[PDB]
4 protein chains.
Amino acid sequence: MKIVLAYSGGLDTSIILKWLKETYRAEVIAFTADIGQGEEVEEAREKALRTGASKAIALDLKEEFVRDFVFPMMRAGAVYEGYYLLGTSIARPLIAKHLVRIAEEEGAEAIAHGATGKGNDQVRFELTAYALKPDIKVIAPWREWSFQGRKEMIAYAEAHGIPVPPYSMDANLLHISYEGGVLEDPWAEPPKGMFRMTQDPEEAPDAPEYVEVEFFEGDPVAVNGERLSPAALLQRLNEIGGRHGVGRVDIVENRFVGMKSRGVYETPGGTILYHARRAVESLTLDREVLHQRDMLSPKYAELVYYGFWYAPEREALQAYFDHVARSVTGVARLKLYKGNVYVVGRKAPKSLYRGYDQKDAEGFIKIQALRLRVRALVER
Amino acid sequence: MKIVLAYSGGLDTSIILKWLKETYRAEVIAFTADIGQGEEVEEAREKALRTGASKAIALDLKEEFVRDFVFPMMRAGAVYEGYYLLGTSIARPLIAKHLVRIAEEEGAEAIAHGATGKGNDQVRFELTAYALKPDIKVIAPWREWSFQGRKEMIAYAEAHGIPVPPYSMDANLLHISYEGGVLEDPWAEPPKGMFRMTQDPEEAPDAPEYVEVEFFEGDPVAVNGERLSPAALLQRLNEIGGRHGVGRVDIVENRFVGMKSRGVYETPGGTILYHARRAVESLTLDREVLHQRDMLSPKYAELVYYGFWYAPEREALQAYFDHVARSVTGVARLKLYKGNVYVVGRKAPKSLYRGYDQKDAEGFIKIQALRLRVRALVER
Amino acid sequence: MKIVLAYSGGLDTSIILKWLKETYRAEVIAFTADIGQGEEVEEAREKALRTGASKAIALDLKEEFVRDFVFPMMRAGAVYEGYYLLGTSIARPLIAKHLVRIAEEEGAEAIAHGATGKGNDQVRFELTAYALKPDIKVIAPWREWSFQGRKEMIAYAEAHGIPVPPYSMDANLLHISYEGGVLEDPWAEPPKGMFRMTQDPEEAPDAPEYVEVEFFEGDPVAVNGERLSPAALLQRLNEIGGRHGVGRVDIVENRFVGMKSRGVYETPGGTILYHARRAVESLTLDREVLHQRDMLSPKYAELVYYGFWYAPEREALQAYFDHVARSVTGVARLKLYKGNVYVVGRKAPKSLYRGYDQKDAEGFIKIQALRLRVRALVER
Amino acid sequence: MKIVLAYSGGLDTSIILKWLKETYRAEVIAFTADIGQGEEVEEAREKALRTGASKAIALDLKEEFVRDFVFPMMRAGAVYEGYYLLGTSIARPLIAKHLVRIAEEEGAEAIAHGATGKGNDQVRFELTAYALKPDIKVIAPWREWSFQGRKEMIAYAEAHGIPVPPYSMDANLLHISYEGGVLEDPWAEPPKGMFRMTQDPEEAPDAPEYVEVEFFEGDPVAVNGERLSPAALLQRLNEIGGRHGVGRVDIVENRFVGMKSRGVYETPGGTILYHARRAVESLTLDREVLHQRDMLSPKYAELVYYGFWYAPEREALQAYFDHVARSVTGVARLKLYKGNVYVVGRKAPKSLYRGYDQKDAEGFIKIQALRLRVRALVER
Ligand SMILES: Nc1ncnc2c1ncn2[C@@H]1O[C@H](COP(=O)(O)OP(=O)(O)OP(=O)(O)O)[C@@H](O)[C@H]1O
Ligand SMILES: Nc1ncnc2c1ncn2[C@@H]1O[C@H](COP(=O)(O)OP(=O)(O)OP(=O)(O)O)[C@@H](O)[C@H]1O
Ligand SMILES: Nc1ncnc2c1ncn2[C@@H]1O[C@H](COP(=O)(O)OP(=O)(O)OP(=O)(O)O)[C@@H](O)[C@H]1O
Ligand SMILES: Nc1ncnc2c1ncn2[C@@H]1O[C@H](COP(=O)(O)OP(=O)(O)OP(=O)(O)O)[C@@H](O)[C@H]1O
Ligand SMILES: NC(=O)NCCC[C@H](N)C(=O)O
Ligand SMILES: NC(=O)NCCC[C@H](N)C(=O)O
Ligand SMILES: NC(=O)NCCC[C@H](N)C(=O)O
Ligand SMILES: NC(=O)NCCC[C@H](N)C(=O)O
């Protein structure tokens, strides 16, 4: 029996790698993906072999991540419950996509991951796994094992000889998520010095910085005049935005599994792109088209959040969003200053921003008022 | 004949007052409403009697404004095209309401306003008027007079003897709007020194300032532990937020009367209220209720923007929003720092934030995955 | 230990009654509700005692059913996937509501039902049970026992002295549902003679029959001038509509558990009410209100279909629908002929059916066209 | 000056042809389109010449009408206010599209139509005209001339040699609309013998007729195994459906010009297609996709009704609808009987109508119920 494990290289997925061998007595193919977490994946790969993997694979997926997941999602203007830019949500589908690919390649009947039974990630990994390969089997150790505590796990790690040691965090090219630990108290401000991707505003440059982003057909293609690949462009904007401490949000969100959760996120580049896109949309999108698109954005967002990426509903909405986004061509000029991003200008080759006279407006008004007057009259 | 004129005490409404007497040779009742424009409305009222007003009326409407218009709208989470908090939009209905009432009290056959024939305001004034009194006669001088240019208009004023004097402004308790003139070029950053209600971010306190807002069944009832009437509360928050440069928006919006327009808005208190409300909602609203409310907010927003306040569709949606808002009770703790508003804490007496067995998750996932698996299998 | 069992009197629930006694060594309190199934509930209540219940309860819940469940649902214009009037769906919450109440009165820690683990009803029963009493225990034998087929179940029943008597059925005052067996092949027309509540259209009266239905504030209060209570009103319309073969539907629907199912439904009275309601709405509801309402109806229908009746989302939407329905006052006149229902007339005290001239229309047109013209000019 | 007139051949457009020549001192190019009104278009073309047209064009647009307007609309499941299949609405854009093309080829600066200044058609003609050719000049005689009565118009007609001859009618391949006159009283049943496209159910065959409709990729491509072009197919279904009196609707609709009107429509073929489509969709569309699609259909319907065909909103939604519709491939089997259309069967090559055990179902319920249980416990 072979099991392809989504291995990140930490203590848990290492314990899980051992656990899978003892519990199933199968070969465990470890897979580590580079999506910008800031770790050297080749290390995790070698640690995977050391830990017992029969085969470890490491792939650089930054470009695929931004090009085929982050960008399509951004075109839709996806935002979960007012503030979440879905940094972790869009990454999972990519990983799962590879786990199943590798499994079909290695002749592995199952895949495994270390997401807990209480979170959203388990749903994301599995819904995409089953959607891509219905016959695939999934193993989620967190839902199957007996450990009754952190302590038991560390011990178990030593029993097997695995290197060992306030909040949990997930980091990739789009953002860094922080939650759990002291963050569980919604009334408690995140601890000083917690953020890693964005410099702290109180320490950000005293002078504003200006940045311009060019969009071609729904996707950002250049920064300050320099053409950049999708992954390179996201990186560039994280640097510029991070320096100014841009893209910080603190929210209590609704998980798909049923309960609320306190989350803190930093999305510098993505936050710049969010506003840059709308700034350009303000000149290139028709009024009614925009209004309809914005009322659908929330649904698309919850789809992505729940894990329905490789689902027909999301791909259907995607057809609408891409169609609208095809017109988003132009440039946004933004001003960054201590945690804040201010749009200060925008231009577009086909801006709709430049017919009728005074009388016309009066007729428009009369026709629009008709039903309200009949209403009042009837209420007589 | 009698004509009730929404008189703001400015050049144009003064010109309009003379134009009304000279043209219709009717009795002109001037009406100035104090909605927080920061003008000694009493001056306006005297200046009107001194401009030919057969009777001038001034009313302090700050409380009614915030209580009967701003709060119901905030309760719904109204945001036009992603950034506009509708500062000017919700104020017009209030004015037209009184215009019509006064007209009925003074036995006047018609009312008048000085909104131009190219804007949204004329629609807001007139839809309100027609909805409240279908038989009302409306006179919009900007659509009826021959004046071309202001050089001309200045002449006419100087003529009848009427005091005479970069962008246009509209101010009230909720915000200050800037548009036109130097603002018409979408690529041009607004001019240094334009903002009046907010302190320039760069000139804002070097130390962050925390503020708490208490909501009771949808509405803000206190700040930093001090109970404050609707108007006093918005005022208090404008002061606190203004000093930090909070609530600045720069957008190119879609007008109802035809095309696009570049607008700049500062809504310090409202911006704080927007984030505070959502912070309290994150603990008191059900997931599915929230996702539905947010998908309807945009529609409510354009209704307000277009001028459909006293309209059946808006009042119907209001029933949905008021129902949901009734549960929003708690306190939000926010951190203000150089133009930004950060939520750092929230609490609620009836918080839904805390029967959970992880294996249940797997069953949840399998059922959710079914339709996806069938789909893939059929794709064979 | 006591268990409140939803006992319908058939073979399965009788077998379930025995099963629960032995399996849980619990005292079983049977509950049978009269919701218009057309059976003598008292005979079910007696059989329960014969079968072993420590107590048997039987209540006439037809009035509460139509008044507190069917009527509120109809006000919403609820239709699942274009045709399903939700006859079985809105009935389930009412049964469960009583199980929990009785359980509360008898000091029972659990409730049980005979819905299978493959369909929608189990979800409905339990979601309402959990929502009304969060700590109640539920027992669904179909998900807990291991019978390997009817054969074995008959034997089990015979063993306990439980009398043992092409498709499945569910009937109540709203409709009769048929599915399973012969009906599983979606390409096969239902067998002749299957329908019970409605006359075969080919056998309906050669003369059409006119009927008038009066609505007061969103609810039907009279038929042909005779004031009738909710339950009696549905009954009357079932008679009149049934005699003409009205209300027959044949569809393949999407289940909440994840698959597709072929269902046939007859809803004579409800189908007449559906068209009668819209007929009265056509004179009493505002255009924009109606359009917003119809776009929310489907969401509401799926909530009902899924089982989220006692859920905050459904209650919220209800506030909107009720607000709108309050204007539906008037009379609908329909013509019934061989399977079809034809609206033939309508009237209302506050009808909005019968303030501008031709010139006004041109202005309306010019303004609505502006954005379209700009778009075309930019396309050049 | 050259004016391209939408010439129907009747009295008013003949009067208009003369009116235009003398009023604008221009030559008139008459355009008559055959869209299935059951008229001899060449007779209208020749009558135009006799009336003074400098050139008369007559085109058979039946295939284009159904292929490029009706089908796209049906693919979206478009239905206005519950019953209107938009028979007249989708035909208007097609007419105007040709008026603009002819004006362009003929060097005409303007186009003219005979729609009155108080209806919906004027908006449809002009919105598409301006959208396709922004600088085109539109002349609508009804909003411009001074005729003050029918009598004066007849005298004018006779003066110019134009031959002169209960409700009004509009007929094309999709339907026949009836409104005005005796039909203006919403409480009055339409007069006997009014219908023309459909036989009265009272006179329809005693034997029901089965009909099969094959859908390829969202569009109907065959009837009873016979491959038919769009127009030939709609025609065929009108014959079959008409013989059975199928597709009659009687509604009071909300006009775009702000008021209500009583309309009676017979859409035999379109009605069969409506149900046929949903029958095939019941096996080919995913649950979530269908639900989203049905919530957007009404919006698309109002767009078509108001006249926003060649508009960005409609084309953006169309991208969504066409995406979904692409999966609609299969055959629908319906039973026609005295006014009714019954779906009795459906099949599809990629039917999603054929993965979990009861245990899975329990986990699903538990998770789905969590938030509801938390809500209940909090309410205490
Ligand atoms: N870079 C990555 N490559 C492959 N799989 C990953 C990666 N990041 C996360 N995952 C998958 O997501 C699941 C993990 O979660 P989280 O990201 O919450 O784990 P950790 O607890 O942060 O890391 P570790 O489990 O290694 O200690 C993992 O068990 C793994 O299957
Ligand atoms: N406080 C107020 N009371 C009554 N009417 C007002 C008030 N503020 C604005 N209005 C109405 O709105 C129309 C004005 O717009 P705006 O406020 O944009 O006008 P202005 O052109 O800035 O001022 P003015 O017309 O006095 O020179 C006015 O002409 C007036 O009829
Ligand atoms: N009138 C009713 N009163 C109480 N519970 C009912 C009633 N009708 C249905 N139920 C509940 O719904 C579950 C049943 O489903 P259905 O109605 O599909 O069952 P059956 O299989 O038709 O009947 P039986 O279980 O008696 O053989 C039942 O087992 C019962 O728990
Ligand atoms: N088949 C057609 N070809 C060209 N234009 C048409 C056609 N049908 C309708 N129209 C246009 O739509 C406008 C008409 O409406 P309607 O069809 O309601 O007019 P009528 O009143 O029936 O005909 P007439 O104007 O000849 O008296 C017409 O005046 C004409 O300009
Ligand atoms: N620190 C974390 O483990 N966060 C992972 C992302 C969780 C986030 N609330 C999400 O659902 O996307
Ligand atoms: N500065 C102004 O005169 N603003 C008037 C209000 C315009 C604003 N864009 C609105 O439509 O509400
Ligand atoms: N005959 C039946 O067993 N039907 C029970 C109701 C099923 C129906 N399709 C529903 O889901 O409500
Ligand atoms: N008989 C007619 O003149 N009807 C033309 C169609 C009008 C219909 N109410 C519509 O607006 O589509």
# chains A, B, ... in the order shown; residues from 1 in each chain; ligands from 1
>>> interface_residues(of="chain D", to="chain C", cutoff="6 Å", atoms="only C-alpha atoms", output="PyMOL selection string")
chain D and resi 117+127+130-131+134+143+186-189+252+254+260+282+287+295+344-346+353+358+369+372-373
>>> select_by_dssp(residues="segment 31-108 of chain C", states="strand (DSSP E)", output="PDB file with C-alpha atoms, in the first residue's frame")
ATOM      1  CA  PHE C  31     -46.685  10.108  18.961  1.00  0.00           C
ATOM      2  CA  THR C  32     -48.902  10.175  15.911  1.00  0.00           C
ATOM      3  CA  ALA C  33     -49.949  13.410  14.284  1.00  0.00           C
ATOM      4  CA  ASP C  34     -52.943  14.022  12.088  1.00  0.00           C
ATOM      5  CA  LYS C  55     -48.043   5.672  26.273  1.00  0.00           C
ATOM      6  CA  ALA C  56     -49.524   6.736  22.980  1.00  0.00           C
ATOM      7  CA  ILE C  57     -50.389  10.293  21.959  1.00  0.00           C
ATOM      8  CA  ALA C  58     -52.398  11.379  18.931  1.00  0.00           C
ATOM      9  CA  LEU C  59     -53.124  14.989  18.009  1.00  0.00           C
ATOM     10  CA  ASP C  60     -55.076  16.736  15.292  1.00  0.00           C
TER      11      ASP C  60
END
>>> closest_atom_pairs(of="chain A", to="ligand 1", cutoff="9 Å", atoms="only C-alpha atoms and all ligand atoms", output="JSON lines")
{"residue": "A:5", "atom": "CA", "partner": "ligand 1", "partner_atom_place_in_ligand_line": "31 (O)", "distance": 6.2}
{"residue": "A:6", "atom": "CA", "partner": "ligand 1", "partner_atom_place_in_ligand_line": "31 (O)", "distance": 3.7}
{"residue": "A:7", "atom": "CA", "partner": "ligand 1", "partner_atom_place_in_ligand_line": "4 (C)", "distance": 4.6}
{"residue": "A:8", "atom": "CA", "partner": "ligand 1", "partner_atom_place_in_ligand_line": "2 (C)", "distance": 4.2}
{"residue": "A:9", "atom": "CA", "partner": "ligand 1", "partner_atom_place_in_ligand_line": "26 (O)", "distance": 4.6}
{"residue": "A:10", "atom": "CA", "partner": "ligand 1", "partner_atom_place_in_ligand_line": "26 (O)", "distance": 3.1}
{"residue": "A:11", "atom": "CA", "partner": "ligand 1", "partner_atom_place_in_ligand_line": "27 (O)", "distance": 4.0}
{"residue": "A:12", "atom": "CA", "partner": "ligand 1", "partner_atom_place_in_ligand_line": "27 (O)", "distance": 3.4}
{"residue": "A:13", "atom": "CA", "partner": "ligand 1", "partner_atom_place_in_ligand_line": "25 (O)", "distance": 3.7}
{"residue": "A:14", "atom": "CA", "partner": "ligand 1", "partner_atom_place_in_ligand_line": "26 (O)", "distance": 6.1}
{"residue": "A:15", "atom": "CA", "partner": "ligand 1", "partner_atom_place_in_ligand_line": "25 (O)", "distance": 8.0}
{"residue": "A:16", "atom": "CA", "partner": "ligand 1", "partner_atom_place_in_ligand_line": "25 (O)", "distance": 7.6}
{"residue": "A:30", "atom": "CA", "partner": "ligand 1", "partner_atom_place_in_ligand_line": "4 (C)", "distance": 8.4}
{"residue": "A:31", "atom": "CA", "partner": "ligand 1", "partner_atom_place_in_ligand_line": "4 (C)", "distance": 5.7}
{"residue": "A:32", "atom": "CA", "partner": "ligand 1", "partner_atom_place_in_ligand_line": "3 (N)", "distance": 3.8}
{"residue": "A:33", "atom": "CA", "partner": "ligand 1", "partner_atom_place_in_ligand_line": "3 (N)", "distance": 4.0}
{"residue": "A:34", "atom": "CA", "partner": "ligand 1", "partner_atom_place_in_ligand_line": "1 (N)", "distance": 5.7}
{"residue": "A:35", "atom": "CA", "partner": "ligand 1", "partner_atom_place_in_ligand_line": "1 (N)", "distance": 6.5}
{"residue": "A:36", "atom": "CA", "partner": "ligand 1", "partner_atom_place_in_ligand_line": "1 (N)", "distance": 8.2}
{"residue": "A:37", "atom": "CA", "partner": "ligand 1", "partner_atom_place_in_ligand_line": "1 (N)", "distance": 6.9}
{"residue": "A:39", "atom": "CA", "partner": "ligand 1", "partner_atom_place_in_ligand_line": "1 (N)", "distance": 8.5}
{"residue": "A:41", "atom": "CA", "partner": "ligand 1", "partner_atom_place_in_ligand_line": "1 (N)", "distance": 7.8}
{"residue": "A:58", "atom": "CA", "partner": "ligand 1", "partner_atom_place_in_ligand_line": "3 (N)", "distance": 8.3}
{"residue": "A:59", "atom": "CA", "partner": "ligand 1", "partner_atom_place_in_ligand_line": "3 (N)", "distance": 9.0}
{"residue": "A:88", "atom": "CA", "partner": "ligand 1", "partner_atom_place_in_ligand_line": "17 (O)", "distance": 8.9}
{"residue": "A:91", "atom": "CA", "partner": "ligand 1", "partner_atom_place_in_ligand_line": "8 (N)", "distance": 8.6}
{"residue": "A:92", "atom": "CA", "partner": "ligand 1", "partner_atom_place_in_ligand_line": "12 (O)", "distance": 7.3}
{"residue": "A:95", "atom": "CA", "partner": "ligand 1", "partner_atom_place_in_ligand_line": "4 (C)", "distance": 6.1}
{"residue": "A:96", "atom": "CA", "partner": "ligand 1", "partner_atom_place_in_ligand_line": "5 (N)", "distance": 8.2}
{"residue": "A:99", "atom": "CA", "partner": "ligand 1", "partner_atom_place_in_ligand_line": "4 (C)", "distance": 8.5}
{"residue": "A:112", "atom": "CA", "partner": "ligand 1", "partner_atom_place_in_ligand_line": "31 (O)", "distance": 6.4}
{"residue": "A:113", "atom": "CA", "partner": "ligand 1", "partner_atom_place_in_ligand_line": "31 (O)", "distance": 3.3}
{"residue": "A:114", "atom": "CA", "partner": "ligand 1", "partner_atom_place_in_ligand_line": "29 (O)", "distance": 2.7}
{"residue": "A:115", "atom": "CA", "partner": "ligand 1", "partner_atom_place_in_ligand_line": "13 (C)", "distance": 4.5}
{"residue": "A:116", "atom": "CA", "partner": "ligand 1", "partner_atom_place_in_ligand_line": "18 (O)", "distance": 7.6}
{"residue": "A:121", "atom": "CA", "partner": "ligand 1", "partner_atom_place_in_ligand_line": "12 (O)", "distance": 7.2}
{"residue": "A:122", "atom": "CA", "partner": "ligand 1", "partner_atom_place_in_ligand_line": "13 (C)", "distance": 8.0}
{"residue": "A:125", "atom": "CA", "partner": "ligand 1", "partner_atom_place_in_ligand_line": "12 (O)", "distance": 8.1}
{"residue": "A:140", "atom": "CA", "partner": "ligand 1", "partner_atom_place_in_ligand_line": "29 (O)", "distance": 8.6}
{"residue": "A:168", "atom": "CA", "partner": "ligand 1", "partner_atom_place_in_ligand_line": "22 (O)", "distance": 7.1}
{"residue": "A:169", "atom": "CA", "partner": "ligand 1", "partner_atom_place_in_ligand_line": "22 (O)", "distance": 6.6}
{"residue": "A:170", "atom": "CA", "partner": "ligand 1", "partner_atom_place_in_ligand_line": "17 (O)", "distance": 5.7}
{"residue": "A:171", "atom": "CA", "partner": "ligand 1", "partner_atom_place_in_ligand_line": "8 (N)", "distance": 8.3}
{"residue": "A:172", "atom": "CA", "partner": "ligand 1", "partner_atom_place_in_ligand_line": "1 (N)", "distance": 8.1}
>>> write_last_selection(atoms="N, CA and C atoms", output="CSV table (one decimal), in the first residue's frame")
chain,number,residue,atom,x,y,z
A,5,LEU,N,1.6,11.6,1.2
A,5,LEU,CA,1.4,12.6,2.3
A,5,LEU,C,1.7,14.0,1.9
A,6,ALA,N,0.8,14.9,2.2
A,6,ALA,CA,1.1,16.3,2.0
A,6,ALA,C,2.0,16.6,3.2
A,7,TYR,N,3.3,16.6,3.0
A,7,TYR,CA,4.3,16.9,4.0
A,7,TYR,C,4.8,18.3,4.0
A,8,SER,N,4.7,19.0,5.1
A,8,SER,CA,5.2,20.4,5.1
A,8,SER,C,6.6,20.5,5.7
A,9,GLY,N,6.9,19.5,6.5
A,9,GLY,CA,8.2,19.4,7.1
A,9,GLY,C,8.3,19.7,8.6
A,10,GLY,N,7.2,20.0,9.2
A,10,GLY,CA,7.1,20.3,10.6
A,10,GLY,C,7.0,19.1,11.5
A,11,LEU,N,6.8,19.4,12.8
A,11,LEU,CA,6.7,18.3,13.8
A,11,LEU,C,5.5,17.4,13.6
A,12,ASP,N,4.3,18.1,13.4
A,12,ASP,CA,3.1,17.3,13.1
A,12,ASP,C,3.1,16.4,11.9
A,13,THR,N,3.5,16.9,10.8
A,13,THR,CA,3.5,16.1,9.6
A,13,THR,C,4.6,15.0,9.6
A,14,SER,N,5.5,15.3,10.5
A,14,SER,CA,6.6,14.3,10.7
A,14,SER,C,6.1,13.2,11.6
A,15,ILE,N,5.4,13.5,12.7
A,15,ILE,CA,4.8,12.6,13.5
A,15,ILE,C,3.8,11.8,12.7
A,16,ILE,N,3.1,12.5,11.8
A,16,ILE,CA,2.1,11.8,11.0
A,16,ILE,C,2.7,10.9,10.0
A,30,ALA,N,6.3,11.3,0.5
A,30,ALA,CA,6.1,12.6,1.0
A,30,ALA,C,6.1,13.7,-0.1
A,31,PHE,N,5.3,14.7,0.0
A,31,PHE,CA,5.2,15.7,-1.1
A,31,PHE,C,5.2,17.1,-0.4
A,32,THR,N,6.2,17.9,-0.7
A,32,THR,CA,6.3,19.2,-0.1
A,32,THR,C,6.2,20.2,-1.3
A,33,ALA,N,5.3,21.2,-1.1
A,33,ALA,CA,5.2,22.2,-2.2
A,33,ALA,C,5.7,23.6,-1.8
A,34,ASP,N,6.4,24.2,-2.6
A,34,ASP,CA,6.8,25.6,-2.4
A,34,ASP,C,5.8,26.5,-3.0
A,35,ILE,N,5.1,27.2,-2.1
A,35,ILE,CA,4.1,28.2,-2.5
A,35,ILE,C,4.4,29.5,-1.8
A,36,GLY,N,5.7,29.6,-1.4
A,36,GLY,CA,6.1,30.8,-0.7
A,36,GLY,C,6.0,30.9,0.8
A,37,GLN,N,6.1,29.8,1.5
A,37,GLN,CA,6.0,29.8,3.0
A,37,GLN,C,7.3,30.3,3.6
A,39,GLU,N,10.3,28.6,3.6
A,39,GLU,CA,11.1,27.5,4.1
A,39,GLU,C,11.8,26.9,2.9
A,41,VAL,N,12.2,24.0,0.9
A,41,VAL,CA,11.5,22.7,0.7
A,41,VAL,C,12.4,21.5,0.5
A,58,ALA,N,9.6,17.4,-4.1
A,58,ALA,CA,9.5,18.8,-3.7
A,58,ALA,C,9.3,19.5,-5.0
A,59,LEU,N,8.3,20.4,-5.1
A,59,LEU,CA,8.1,21.1,-6.3
A,59,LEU,C,7.9,22.6,-6.1
A,88,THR,N,-5.2,31.4,2.7
A,88,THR,CA,-5.1,29.9,2.9
A,88,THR,C,-6.0,29.1,2.1
A,91,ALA,N,-4.9,28.1,-1.5
A,91,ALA,CA,-3.7,27.3,-1.6
A,91,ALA,C,-4.0,25.8,-1.6
A,92,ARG,N,-4.8,25.4,-0.7
A,92,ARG,CA,-5.2,24.0,-0.5
A,92,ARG,C,-5.5,23.2,-1.7
A,95,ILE,N,-2.4,22.1,-3.7
A,95,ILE,CA,-1.7,21.0,-3.0
A,95,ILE,C,-2.5,19.7,-3.3
A,96,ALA,N,-3.8,19.7,-3.0
A,96,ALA,CA,-4.6,18.5,-3.2
A,96,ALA,C,-4.5,18.0,-4.6
A,99,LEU,N,-1.3,16.1,-4.8
A,99,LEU,CA,-1.3,14.9,-4.1
A,99,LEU,C,-1.9,13.8,-4.9
A,112,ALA,N,-2.9,11.6,2.2
A,112,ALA,CA,-3.1,11.9,3.6
A,112,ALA,C,-2.7,13.4,3.8
A,113,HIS,N,-3.2,14.0,4.9
A,113,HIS,CA,-2.9,15.4,5.2
A,113,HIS,C,-3.0,15.6,6.7
A,114,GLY,N,-2.4,16.6,7.2
A,114,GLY,CA,-2.5,16.9,8.7
A,114,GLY,C,-3.4,18.0,9.1
A,115,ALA,N,-4.4,18.3,8.4
A,115,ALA,CA,-5.4,19.3,8.8
A,115,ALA,C,-6.2,18.6,9.9
A,116,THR,N,-6.7,19.4,10.9
A,116,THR,CA,-7.5,18.9,12.0
A,116,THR,C,-8.9,18.6,11.6
A,121,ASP,N,-9.6,23.5,6.4
A,121,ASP,CA,-8.7,22.8,5.5
A,121,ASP,C,-8.9,21.4,5.1
A,122,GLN,N,-9.4,20.6,6.1
A,122,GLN,CA,-9.7,19.2,5.9
A,122,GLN,C,-10.7,19.1,4.7
A,125,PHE,N,-9.0,20.0,1.3
A,125,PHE,CA,-8.2,19.0,0.7
A,125,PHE,C,-9.0,17.8,0.2
A,140,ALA,N,-6.9,11.0,7.3
A,140,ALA,CA,-6.7,12.2,8.1
A,140,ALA,C,-6.4,11.8,9.5
A,168,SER,N,-0.9,29.5,16.1
A,168,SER,CA,-0.6,28.8,14.9
A,168,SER,C,-0.6,29.7,13.7
A,169,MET,N,0.2,29.4,12.7
A,169,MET,CA,0.3,30.3,11.5
A,169,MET,C,0.5,29.5,10.2
A,170,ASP,N,-0.1,30.1,9.2
A,170,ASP,CA,0.1,29.5,7.8
A,170,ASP,C,0.6,30.6,6.9
A,171,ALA,N,1.7,30.3,6.2
A,171,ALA,CA,2.3,31.3,5.4
A,171,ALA,C,2.5,30.9,3.9
A,172,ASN,N,2.1,31.7,3.0
A,172,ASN,CA,2.4,31.4,1.6
A,172,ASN,C,2.5,32.7,0.8
>>> calpha_fit_rmsd(fixed="chain B", moving="chain C")
0.3 Å
>>> atom_distance(atom1="atom CA of residue 61 of chain B", atom2="atom CA of residue 234 of chain B")
13.6 Å
>>> select_by_dssp(residues="segment 204-276 of chain D", states="helix (DSSP H, G or I)", output="ChimeraX atom specification")
/D:230-243,268-276
>>> closest_residue(among="C:75, C:62, C:21, C:227", to="residue 274 of chain C", atoms="only C-alpha atoms")
C:75
>>> closest_residue(among="D:276, D:175, D:351, D:150", to="residue 211 of chain D", atoms="only C-alpha atoms")
D:276
